[PDB]
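We begin with a single chain expressed as structure tokens, specifically the form deposited in one PDB entry.
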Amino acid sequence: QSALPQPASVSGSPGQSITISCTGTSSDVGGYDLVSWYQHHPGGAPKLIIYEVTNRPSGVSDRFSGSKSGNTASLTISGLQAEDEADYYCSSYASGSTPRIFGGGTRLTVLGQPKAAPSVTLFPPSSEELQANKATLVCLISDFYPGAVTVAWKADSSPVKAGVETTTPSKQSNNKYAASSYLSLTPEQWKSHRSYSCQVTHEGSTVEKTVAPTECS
């Protein structure tokens, strides 16, 4: 129904202050003092941070405040922290059938910019994996920031053409991102190339990790 438009996304640095608008009308936003803001970290249960346009639960950080001017309501966050990076929604009582209409969501990106190196870990294939006859060197990269890195492989000092499958990066609990890289292989092929390696390029930086095929040699 009458969906309240919100900015698709705002971004700010720590300690700064963002504010999110909830476009509306006389029938909803500017019709009653019944707007609410919710904070949602995908995967978790939404939190009710704002209700009745300006109220705030006796437990929600006072860095969060709301209000409206005409047919527009808006949440404003002060002293951006880490937790703050989530999705924000506004909802409101309306004058029609619908008991309450919701905003379309605003994703707040709290940078922080505390840049960190991609501690990379290269794994050799596994024993069990050898049975059905499979082999895979898994390169683990974590605790890095920003969540932007490009990985490559050096198959025996030579970047031989192969099949590398760099996963869809994800954000960990510690905020820092963590990705990985896989280079599936074959029997005699992993025995042939004397030593495989991983190469994580993190913002004008590059760390290597080599793993040699073996059995306690």
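From 1 onward, residues are counted along the sequence shown. Residues that one form lacks are left out of the comparison. The term rigid core refers to the most C-alpha atoms you can superpose between the two forms while keeping them within 1.5 Å.
One more form of this protein exists, namely the form deposited in another entry; it is left out here, but the text below deals with it.
Here the rigid core is superposed between the shown form and the other one, and of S13, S9, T19, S205 the C-alpha of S205 is the only one to shift by 2 Å or more. Here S181 counts as shifted, since its C-alpha moves by at least 2 Å between the shown form and the other one after the core is aligned. Comparing the forms between the shown form and the other one on their rigid core, the Cα displacement of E129 reaches 2 Å or more. When the rigid core is held fixed, the Cα atom of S119 travels 2 angstroms or more between the shown form and the other one.
Relative to this conformation, an increase of 3 Å or more in the Cα-Cα distance between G15 and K176 is found in the other entry.
By 3 Å or more, the C-alpha separation between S11 and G204 shrinks in the other entry relative to the form shown here. Displacement of the C-alpha atoms by 2 Å or more across three or more consecutive residues between the shown form and the other one, following core superposition, is confined to the single run 111-217.
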